[PDB]
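Asker: This is input_1.csv (CSV, C-alpha atoms).
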chain,number,residue,atom,x,y,z
K,18,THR,CA,-111.4,-3.7,38.9
K,19,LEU,CA,-111.7,-6.2,36.0
K,20,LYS,CA,-110.1,-8.9,38.1
K,21,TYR,CA,-112.5,-8.1,41.0
K,22,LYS,CA,-115.5,-8.2,38.6
K,23,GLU,CA,-114.5,-11.7,37.4
K,24,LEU,CA,-114.2,-12.7,41.1
K,25,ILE,CA,-117.7,-11.4,41.9
K,26,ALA,CA,-119.2,-12.8,38.7
K,27,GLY,CA,-117.7,-16.3,39.3
K,28,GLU,CA,-119.4,-16.5,42.7
K,29,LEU,CA,-122.7,-15.3,41.3
K,30,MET,CA,-122.3,-17.9,38.5
K,31,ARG,CA,-121.9,-20.7,41.0
K,32,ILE,CA,-124.8,-19.5,43.2
K,33,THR,CA,-127.0,-19.3,40.2
K,34,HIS,CA,-126.1,-22.7,38.8
K,35,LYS,CA,-126.6,-24.2,42.2
K,36,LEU,CA,-130.0,-22.6,42.6
K,37,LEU,CA,-130.8,-23.7,39.0
K,38,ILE,CA,-130.1,-27.4,39.6
K,39,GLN,CA,-131.7,-27.3,43.0
K,40,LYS,CA,-135.0,-25.9,41.6
K,41,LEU,CA,-134.9,-28.2,38.6
K,42,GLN,CA,-134.4,-31.2,40.9
K,43,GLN,CA,-137.4,-30.0,42.9
K,44,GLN,CA,-139.8,-30.2,40.0
K,68,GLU,CA,-140.1,-21.5,34.8
K,69,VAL,CA,-137.1,-21.2,37.1
K,70,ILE,CA,-137.2,-18.1,39.2
K,71,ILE,CA,-134.7,-17.0,41.9
K,72,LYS,CA,-135.0,-14.2,44.5
K,73,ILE,CA,-132.2,-11.8,45.2
K,74,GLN,CA,-132.5,-13.1,48.8
K,75,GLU,CA,-131.7,-16.6,47.7
K,76,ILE,CA,-128.8,-15.5,45.6
K,77,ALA,CA,-127.5,-13.6,48.7
K,78,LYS,CA,-127.5,-16.7,50.9
K,79,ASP,CA,-123.9,-17.6,50.2
K,80,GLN,CA,-120.8,-17.0,52.3
K,81,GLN,CA,-118.2,-16.5,49.6
K,82,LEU,CA,-120.4,-13.9,47.8
K,83,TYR,CA,-120.6,-11.9,51.0
K,84,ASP,CA,-116.9,-12.4,51.7
K,85,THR,CA,-115.9,-11.4,48.2
K,86,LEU,CA,-118.1,-8.2,48.2
K,87,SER,CA,-116.7,-7.2,51.6
K,88,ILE,CA,-113.3,-6.8,50.2
K,89,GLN,CA,-114.3,-3.5,48.6
K,90,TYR,CA,-117.9,-2.8,49.9
K,91,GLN,CA,-119.5,-2.6,53.3
K,92,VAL,CA,-122.4,-4.9,52.8
K,93,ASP,CA,-123.3,-5.7,56.5
K,94,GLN,CA,-126.7,-4.0,55.9
K,95,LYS,CA,-129.1,-6.3,54.1
K,96,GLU,CA,-130.1,-3.6,51.6
K,97,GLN,CA,-126.5,-2.5,50.8
K,98,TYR,CA,-125.7,-6.2,50.1
K,99,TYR,CA,-128.7,-6.6,47.8
K,100,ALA,CA,-127.8,-3.4,45.9
K,101,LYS,CA,-124.3,-4.6,45.2
K,102,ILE,CA,-125.7,-8.0,44.0
K,103,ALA,CA,-128.2,-6.2,41.8
K,104,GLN,CA,-125.5,-4.1,40.2
K,105,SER,CA,-123.3,-7.2,39.6
K,106,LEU,CA,-126.2,-9.1,38.1
K,107,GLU,CA,-126.8,-6.4,35.4
K,108,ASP,CA,-124.1,-8.1,33.3
K,109,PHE,CA,-125.9,-11.5,33.7
K,110,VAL,CA,-129.0,-9.9,32.3
K,111,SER,CA,-127.0,-8.4,29.4
K,112,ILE,CA,-125.6,-11.8,28.4
K,113,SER,CA,-129.1,-13.4,28.8
K,114,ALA,CA,-128.1,-15.8,31.6
K,115,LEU,CA,-130.8,-14.1,33.6
K,116,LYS,CA,-133.9,-12.1,32.9
K,117,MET,CA,-135.5,-9.6,35.4
K,118,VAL,CA,-138.9,-10.7,36.5
K,119,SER,CA,-139.6,-8.6,39.5
K,120,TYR,CA,-138.1,-5.1,39.8
K,121,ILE,CA,-139.5,-3.7,43.0
K,122,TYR,CA,-137.9,-4.6,46.4
K,123,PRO,CA,-138.6,-6.6,48.5
K,124,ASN,CA,-139.7,-8.5,45.4
K,125,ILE,CA,-136.6,-8.6,43.1
K,126,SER,CA,-136.4,-11.7,41.0
K,127,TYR,CA,-134.7,-13.3,38.0
K,128,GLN,CA,-135.7,-16.0,35.6
K,129,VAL,CA,-132.7,-18.3,35.0
K,130,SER,CA,-131.8,-19.2,31.4
K,131,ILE,CA,-131.8,-23.1,31.4
K,132,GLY,CA,-130.1,-23.2,28.0
K,133,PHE,CA,-127.4,-20.8,29.0
K,134,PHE,CA,-126.2,-23.0,31.9
K,135,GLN,CA,-126.8,-26.2,29.9
K,136,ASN,CA,-124.6,-24.8,27.2
K,137,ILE,CA,-121.9,-24.3,29.7
K,138,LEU,CA,-122.2,-28.0,30.8
K,139,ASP,CA,-121.9,-29.1,27.2
K,140,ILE,CA,-118.8,-27.1,26.5
K,141,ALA,CA,-117.0,-28.1,29.7
K,142,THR,CA,-117.9,-31.7,29.1
K,143,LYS,CA,-116.7,-31.8,25.5
K,144,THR,CA,-113.5,-29.9,26.5
K,145,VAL,CA,-112.5,-32.5,29.0
K,146,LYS,CA,-113.6,-35.5,26.9
K,147,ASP,CA,-111.5,-34.2,23.9
K,148,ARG,CA,-108.5,-34.0,26.2
K,149,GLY,CA,-108.7,-37.8,26.6
K,150,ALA,CA,-105.9,-39.4,28.6
K,151,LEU,CA,-103.8,-36.3,28.6
K,152,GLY,CA,-106.2,-34.7,31.0
K,153,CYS,CA,-106.8,-31.1,31.8
K,154,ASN,CA,-106.2,-28.4,34.4
K,155,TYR,CA,-108.3,-25.5,35.8
K,156,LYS,CA,-106.7,-22.8,33.7
K,157,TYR,CA,-107.2,-24.7,30.4
K,158,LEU,CA,-110.8,-25.3,31.2
K,159,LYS,CA,-111.4,-21.7,32.2
K,160,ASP,CA,-109.8,-20.4,29.0
K,161,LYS,CA,-111.6,-22.8,26.7
K,162,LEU,CA,-115.0,-22.2,28.2
K,163,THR,CA,-114.3,-18.4,28.2
K,164,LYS,CA,-113.3,-18.6,24.5
K,165,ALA,CA,-116.3,-20.7,23.6
K,166,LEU,CA,-118.9,-18.5,25.3
K,167,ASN,CA,-117.5,-15.5,23.6
K,168,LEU,CA,-119.2,-12.9,25.8
K,169,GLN,CA,-118.0,-9.9,23.9
K,170,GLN,CA,-120.5,-7.4,25.5
K,171,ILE,CA,-118.8,-7.7,28.9
K,172,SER,CA,-115.3,-6.2,29.6
K,173,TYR,CA,-114.3,-8.8,32.2
K,174,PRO,CA,-114.3,-12.6,32.1
K,175,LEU,CA,-117.5,-14.1,33.7
K,176,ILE,CA,-115.9,-17.5,34.3
K,177,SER,CA,-113.7,-17.7,37.4
K,178,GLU,CA,-111.5,-20.3,39.0
K,179,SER,CA,-113.9,-20.7,41.9
K,180,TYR,CA,-116.7,-21.4,39.4
K,181,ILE,CA,-114.7,-23.9,37.3
K,182,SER,CA,-113.9,-25.6,40.7
K,183,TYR,CA,-117.6,-26.0,41.4
K,184,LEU,CA,-118.3,-27.4,37.9
K,185,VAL,CA,-115.4,-29.9,38.1
K,186,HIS,CA,-116.5,-31.2,41.5
K,187,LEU,CA,-120.1,-31.5,40.3
K,188,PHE,CA,-118.9,-33.6,37.4
K,189,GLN,CA,-116.8,-35.8,39.8
K,190,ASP,CA,-119.9,-36.3,41.9
K,191,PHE,CA,-121.6,-37.7,38.9
K,192,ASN,CA,-118.7,-40.0,38.1
K,193,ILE,CA,-118.0,-38.1,34.8
K,194,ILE,CA,-114.5,-37.1,35.8
K,195,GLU,CA,-111.7,-38.0,38.2
K,196,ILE,CA,-109.9,-35.2,39.9
K,197,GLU,CA,-106.2,-35.6,40.8
K,198,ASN,CA,-104.2,-33.4,43.1
K,199,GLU,CA,-100.7,-33.1,41.7
K,200,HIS,CA,-98.7,-30.8,43.9
K,201,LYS,CA,-95.6,-29.4,42.3
K,202,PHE,CA,-92.9,-27.4,44.3
K,203,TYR,CA,-90.0,-25.3,43.3
K,204,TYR,CA,-86.8,-24.1,45.1
K,205,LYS,CA,-86.9,-20.4,45.7
K,206,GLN,CA,-83.7,-18.8,44.4
Hey, can you dump this file as structure tokens for me?

Answerer:
Amino acid sequence: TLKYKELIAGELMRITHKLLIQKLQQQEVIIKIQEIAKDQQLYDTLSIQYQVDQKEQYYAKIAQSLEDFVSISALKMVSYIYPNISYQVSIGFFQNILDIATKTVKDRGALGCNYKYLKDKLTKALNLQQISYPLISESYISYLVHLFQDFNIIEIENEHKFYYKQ
């Protein structure tokens, strides 16, 4: 269940970061559980274990998964009573993640850097002891890396390796 929790949280991390940069670009930053919900992978990922075809069931499963984001102060509850459920995003929390990932890749220099190494270094640096499962997932690292690439900060290289199956 820990691996599944990381999977759900990584999706919610991306959806939040995206809603964060989108609202910051538009203009203190408040997101609705209905906005958070508008993402295909979140729904697909929650459907692995939960039936969330009903709007309300989906929102409940999101609420439950977002409790840990509130505990690590990435989010703060602002509206508690459905249909008005809302969260204030911590700008510093997500900025702090950008800083760490940026430094981590810069420090690697010409040697470069893979997904796993960035996931682990960021996970280590955040040090979110109050949660039993990692919050940073591969899918989320993927989003960060491609965001950086879009801003010319990094170059991504596909290096396929293959192995004979004995």

Asker: Nearest to residue K:155 among K:88, K:75, K:37, K:184, with distances taken over all atoms listed in the file: which residue is it?

Answerer: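 Closest candidate: K:184.
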
Asker: Go ahead and compute the interatomic distance for atom CA of residue K:24 and atom CA of residue K:72, in Å to one decimal.

Answerer: 21.1 Å

Asker: Skipping near chain neighbours, those fewer than 3 positions away, what residues fall within 12 Å of residue K:100 using only C-alpha atoms, listed as a PyMOL selection string?

Answerer: chain K and resi 73-74+77+86+90-97+103-107+122-123+125

Asker: With C-alpha atoms retained, could you export that selection as an mmCIF file, in the frame of the given file?

Answerer:
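Dumped to part05.cif:
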data_model
loop_
_atom_site.group_PDB
_atom_site.id
_atom_site.type_symbol
_atom_site.label_atom_id
_atom_site.label_comp_id
_atom_site.auth_asym_id
_atom_site.auth_seq_id
_atom_site.Cartn_x
_atom_site.Cartn_y
_atom_site.Cartn_z
ATOM 1 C CA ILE K 73 -132.200 -11.800 45.200
ATOM 2 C CA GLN K 74 -132.500 -13.100 48.800
ATOM 3 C CA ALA K 77 -127.500 -13.600 48.700
ATOM 4 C CA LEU K 86 -118.100 -8.200 48.200
ATOM 5 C CA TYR K 90 -117.900 -2.800 49.900
ATOM 6 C CA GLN K 91 -119.500 -2.600 53.300
ATOM 7 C CA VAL K 92 -122.400 -4.900 52.800
ATOM 8 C CA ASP K 93 -123.300 -5.700 56.500
ATOM 9 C CA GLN K 94 -126.700 -4.000 55.900
ATOM 10 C CA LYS K 95 -129.100 -6.300 54.100
ATOM 11 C CA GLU K 96 -130.100 -3.600 51.600
ATOM 12 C CA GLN K 97 -126.500 -2.500 50.800
ATOM 13 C CA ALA K 103 -128.200 -6.200 41.800
ATOM 14 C CA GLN K 104 -125.500 -4.100 40.200
ATOM 15 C CA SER K 105 -123.300 -7.200 39.600
ATOM 16 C CA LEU K 106 -126.200 -9.100 38.100
ATOM 17 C CA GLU K 107 -126.800 -6.400 35.400
ATOM 18 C CA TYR K 122 -137.900 -4.600 46.400
ATOM 19 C CA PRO K 123 -138.600 -6.600 48.500
ATOM 20 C CA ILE K 125 -136.600 -8.600 43.100
#

Asker: What's the separation between atom CA of residue K:114 and atom CA of residue K:129, in Å to one decimal place?

Answerer: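 Calculated distance between atom CA of residue K:114 and atom CA of residue K:129 is 6.2 Å.
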
Asker: Which residue is closest to residue K:132? Choose from K:159, K:26, K:69, K:196 and count all atoms listed in the file.

Answerer: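 Nearest candidate to residue K:132 out of K:159, K:26, K:69, K:196: K:69.
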
Asker: With only C-alpha atoms counted, which protein, DNA or RNA residues have an atom no more than 8 Å from (-105.6, -27.5, 39.8) in the file frame? Please answer as JSON, numbers by chain.

Answerer: {"K": [154, 155, 156, 198, 199]}

Asker: Excluding residue K:136 and its own-chain neighbours fewer than 3 positions away, which residues fall within 12 Å of it when counting all atoms listed in the file? Please give them as a PyMOL selection string.

Answerer: chain K and resi 34+114+130-133+139-143+162+165-166

Asker: Could you work out how far atom CA of residue K:148 lies from atom CA of residue K:33, giving the answer in Å with one decimal?

Answerer: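 Separation between atom CA of residue K:33 and atom CA of residue K:148: 27.5 Å.
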
Asker: Counting only C-alpha atoms, which residue out of K:116, K:164, K:200, K:146 sits closest to residue K:70?

Answerer: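 Distance minimum relative to residue K:70 lands on K:116.
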
Asker: Show me the residues close to (-119.4, -10.3, 41.5) - anything with an atom within 12 Å, counting all atoms listed in the file - and format the list as a PyMOL selection string.

Answerer: chain K and resi 18-33+76-77+81-90+98-109+173-177+179-180

Asker: Let me make sure I understand: among K:195, K:170, K:118, K:40, which one has the smallest atom-to-atom distance to residue K:149 if we use all atoms listed in the file?

Answerer: K:195

Asker: I'd like the box whose edges run along x, y and z of the file and which contains every listed atom of stretch 35-43 of chain K, padded by 3 Å per side; could you state its centre and edge lengths in Å, one decimal, as AutoDock Vina command-line options?

Answerer:
--center_x -132.0 --center_y -26.9 --center_z 40.8 --size_x 16.8 --size_y 14.6 --size_z 10.4

Asker: With distances taken over only C-alpha atoms, which of K:137, K:117, K:38, K:145 is nearest to residue K:158?

Answerer: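 The shortest atom-to-atom distance to residue K:158 comes from K:145.
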
Asker: Can I get N, CA and C atoms for stretch 35-108 of chain K, as an mmCIF file, in the first residue's frame?

Answerer:
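Wrote it out as out-v1.cif, contents follow:
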data_model
loop_
_atom_site.group_PDB
_atom_site.id
_atom_site.type_symbol
_atom_site.label_atom_id
_atom_site.label_comp_id
_atom_site.auth_asym_id
_atom_site.auth_seq_id
_atom_site.Cartn_x
_atom_site.Cartn_y
_atom_site.Cartn_z
ATOM 1 N N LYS K 35 1.363 22.065 -11.307
ATOM 2 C CA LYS K 35 0.771 22.602 -12.526
ATOM 3 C C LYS K 35 -0.253 23.689 -12.240
ATOM 4 N N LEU K 36 -1.115 23.454 -11.262
ATOM 5 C CA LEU K 36 -2.143 24.434 -10.910
ATOM 6 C C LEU K 36 -1.472 25.615 -10.243
ATOM 7 N N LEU K 37 -0.395 25.354 -9.514
ATOM 8 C CA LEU K 37 0.382 26.458 -8.954
ATOM 9 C C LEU K 37 0.991 27.374 -10.042
ATOM 10 N N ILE K 38 1.747 26.808 -10.978
ATOM 11 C CA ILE K 38 2.414 27.679 -11.946
ATOM 12 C C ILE K 38 1.366 28.317 -12.858
ATOM 13 N N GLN K 39 0.248 27.629 -13.076
ATOM 14 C CA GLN K 39 -0.781 28.181 -13.938
ATOM 15 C C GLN K 39 -1.405 29.400 -13.292
ATOM 16 N N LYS K 40 -1.686 29.332 -11.992
ATOM 17 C CA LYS K 40 -2.326 30.469 -11.334
ATOM 18 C C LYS K 40 -1.334 31.607 -11.075
ATOM 19 N N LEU K 41 -0.063 31.270 -10.860
ATOM 20 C CA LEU K 41 0.952 32.300 -10.645
ATOM 21 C C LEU K 41 1.192 33.054 -11.949
ATOM 22 N N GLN K 42 1.068 32.344 -13.060
ATOM 23 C CA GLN K 42 1.275 32.948 -14.369
ATOM 24 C C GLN K 42 0.109 33.880 -14.705
ATOM 25 N N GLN K 43 -1.084 33.516 -14.239
ATOM 26 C CA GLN K 43 -2.288 34.324 -14.433
ATOM 27 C C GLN K 43 -2.264 35.688 -13.723
ATOM 28 N N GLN K 44 -1.534 35.794 -12.617
ATOM 29 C CA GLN K 44 -1.497 37.050 -11.866
ATOM 30 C C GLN K 44 -0.153 37.762 -12.010
ATOM 31 N N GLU K 68 -2.744 33.232 -1.140
ATOM 32 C CA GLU K 68 -3.006 33.907 -2.401
ATOM 33 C C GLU K 68 -3.282 32.935 -3.545
ATOM 34 N N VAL K 69 -2.722 31.731 -3.503
ATOM 35 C CA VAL K 69 -3.086 30.753 -4.518
ATOM 36 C C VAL K 69 -3.921 29.615 -3.938
ATOM 37 N N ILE K 70 -5.140 29.520 -4.449
ATOM 38 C CA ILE K 70 -6.167 28.639 -3.943
ATOM 39 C C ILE K 70 -6.600 27.734 -5.053
ATOM 40 N N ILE K 71 -6.638 26.429 -4.790
ATOM 41 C CA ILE K 71 -7.134 25.461 -5.762
ATOM 42 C C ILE K 71 -8.316 24.665 -5.202
ATOM 43 N N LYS K 72 -9.281 24.376 -6.071
ATOM 44 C CA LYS K 72 -10.475 23.625 -5.700
ATOM 45 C C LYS K 72 -10.253 22.155 -5.925
ATOM 46 N N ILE K 73 -10.888 21.336 -5.099
ATOM 47 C CA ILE K 73 -10.762 19.901 -5.270
ATOM 48 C C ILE K 73 -11.287 19.490 -6.664
ATOM 49 N N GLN K 74 -12.193 20.281 -7.238
ATOM 50 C CA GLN K 74 -12.674 20.022 -8.605
ATOM 51 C C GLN K 74 -11.605 20.271 -9.675
ATOM 52 N N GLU K 75 -10.710 21.220 -9.426
ATOM 53 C CA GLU K 75 -9.621 21.488 -10.357
ATOM 54 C C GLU K 75 -8.589 20.369 -10.266
ATOM 55 N N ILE K 76 -8.245 20.011 -9.032
ATOM 56 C CA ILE K 76 -7.287 18.938 -8.742
ATOM 57 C C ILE K 76 -7.713 17.647 -9.407
ATOM 58 N N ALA K 77 -9.009 17.384 -9.333
ATOM 59 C CA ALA K 77 -9.622 16.215 -9.949
ATOM 60 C C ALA K 77 -9.501 16.141 -11.484
ATOM 61 N N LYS K 78 -9.410 17.290 -12.163
ATOM 62 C CA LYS K 78 -9.402 17.331 -13.640
ATOM 63 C C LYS K 78 -8.065 16.877 -14.230
ATOM 64 N N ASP K 79 -7.787 15.592 -14.080
ATOM 65 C CA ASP K 79 -6.545 14.995 -14.532
ATOM 66 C C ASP K 79 -6.752 13.519 -14.752
ATOM 67 N N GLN K 80 -6.330 13.056 -15.920
ATOM 68 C CA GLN K 80 -6.577 11.699 -16.348
ATOM 69 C C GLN K 80 -5.823 10.648 -15.543
ATOM 70 N N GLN K 81 -4.531 10.876 -15.316
ATOM 71 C CA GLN K 81 -3.712 9.884 -14.604
ATOM 72 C C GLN K 81 -4.166 9.729 -13.154
ATOM 73 N N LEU K 82 -4.668 10.806 -12.546
ATOM 74 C CA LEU K 82 -5.127 10.721 -11.157
ATOM 75 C C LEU K 82 -6.288 9.752 -11.093
ATOM 76 N N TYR K 83 -7.247 9.952 -11.992
ATOM 77 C CA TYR K 83 -8.410 9.084 -12.073
ATOM 78 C C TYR K 83 -7.983 7.655 -12.394
ATOM 79 N N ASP K 84 -7.088 7.496 -13.366
ATOM 80 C CA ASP K 84 -6.651 6.152 -13.743
ATOM 81 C C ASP K 84 -5.947 5.488 -12.557
ATOM 82 N N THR K 85 -5.131 6.263 -11.854
ATOM 83 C CA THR K 85 -4.363 5.689 -10.767
ATOM 84 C C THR K 85 -5.264 5.300 -9.581
ATOM 85 N N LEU K 86 -6.284 6.106 -9.304
ATOM 86 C CA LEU K 86 -7.191 5.797 -8.190
ATOM 87 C C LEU K 86 -8.144 4.626 -8.505
ATOM 88 N N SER K 87 -8.444 4.432 -9.789
ATOM 89 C CA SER K 87 -9.310 3.348 -10.263
ATOM 90 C C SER K 87 -8.685 1.971 -10.142
ATOM 91 N N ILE K 88 -7.370 1.923 -9.969
ATOM 92 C CA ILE K 88 -6.693 0.647 -9.764
ATOM 93 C C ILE K 88 -7.250 -0.082 -8.537
ATOM 94 N N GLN K 89 -7.555 0.668 -7.477
ATOM 95 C CA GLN K 89 -8.048 0.086 -6.228
ATOM 96 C C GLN K 89 -9.454 0.592 -5.852
ATOM 97 N N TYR K 90 -9.823 1.791 -6.294
ATOM 98 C CA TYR K 90 -11.110 2.364 -5.895
ATOM 99 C C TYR K 90 -12.049 2.653 -7.067
ATOM 100 N N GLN K 91 -13.338 2.435 -6.852
ATOM 101 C CA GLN K 91 -14.332 2.809 -7.843
ATOM 102 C C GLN K 91 -14.652 4.267 -7.624
ATOM 103 N N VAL K 92 -14.205 5.100 -8.552
ATOM 104 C CA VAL K 92 -14.340 6.534 -8.402
ATOM 105 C C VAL K 92 -15.086 7.132 -9.588
ATOM 106 N N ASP K 93 -15.999 6.369 -10.180
ATOM 107 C CA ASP K 93 -16.748 6.873 -11.331
ATOM 108 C C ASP K 93 -17.792 7.892 -10.892
ATOM 109 N N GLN K 94 -18.215 7.796 -9.636
ATOM 110 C CA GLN K 94 -19.088 8.800 -9.037
ATOM 111 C C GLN K 94 -18.259 9.992 -8.562
ATOM 112 N N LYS K 95 -18.646 11.191 -8.995
ATOM 113 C CA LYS K 95 -17.938 12.440 -8.692
ATOM 114 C C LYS K 95 -17.496 12.523 -7.226
ATOM 115 N N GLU K 96 -18.460 12.309 -6.337
ATOM 116 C CA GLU K 96 -18.275 12.408 -4.895
ATOM 117 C C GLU K 96 -17.305 11.366 -4.331
ATOM 118 N N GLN K 97 -17.362 10.142 -4.847
ATOM 119 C CA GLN K 97 -16.439 9.095 -4.426
ATOM 120 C C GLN K 97 -15.011 9.463 -4.789
ATOM 121 N N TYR K 98 -14.863 10.011 -5.992
ATOM 122 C CA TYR K 98 -13.589 10.504 -6.505
ATOM 123 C C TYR K 98 -13.039 11.624 -5.606
ATOM 124 N N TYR K 99 -13.866 12.622 -5.317
ATOM 125 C CA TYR K 99 -13.459 13.737 -4.458
ATOM 126 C C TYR K 99 -13.087 13.274 -3.036
ATOM 127 N N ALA K 100 -13.766 12.241 -2.538
ATOM 128 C CA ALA K 100 -13.479 11.741 -1.199
ATOM 129 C C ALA K 100 -12.094 11.098 -1.173
ATOM 130 N N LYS K 101 -11.807 10.306 -2.204
ATOM 131 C CA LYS K 101 -10.509 9.667 -2.337
ATOM 132 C C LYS K 101 -9.372 10.665 -2.528
ATOM 133 N N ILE K 102 -9.651 11.756 -3.226
ATOM 134 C CA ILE K 102 -8.687 12.848 -3.336
ATOM 135 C C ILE K 102 -8.475 13.534 -1.991
ATOM 136 N N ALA K 103 -9.577 13.837 -1.299
ATOM 137 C CA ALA K 103 -9.491 14.481 0.016
ATOM 138 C C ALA K 103 -8.619 13.685 0.962
ATOM 139 N N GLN K 104 -8.869 12.384 1.000
ATOM 140 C CA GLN K 104 -8.145 11.490 1.882
ATOM 141 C C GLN K 104 -6.640 11.483 1.586
ATOM 142 N N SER K 105 -6.288 11.361 0.301
ATOM 143 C CA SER K 105 -4.900 11.426 -0.161
ATOM 144 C C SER K 105 -4.244 12.800 0.075
ATOM 145 N N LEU K 106 -5.041 13.862 0.065
ATOM 146 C CA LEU K 106 -4.502 15.203 0.304
ATOM 147 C C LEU K 106 -4.229 15.534 1.779
ATOM 148 N N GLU K 107 -4.677 14.681 2.686
ATOM 149 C CA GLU K 107 -4.418 14.887 4.113
ATOM 150 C C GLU K 107 -2.921 14.956 4.394
ATOM 151 N N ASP K 108 -2.159 14.112 3.713
ATOM 152 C CA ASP K 108 -0.717 14.089 3.927
ATOM 153 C C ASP K 108 -0.031 15.325 3.385
#
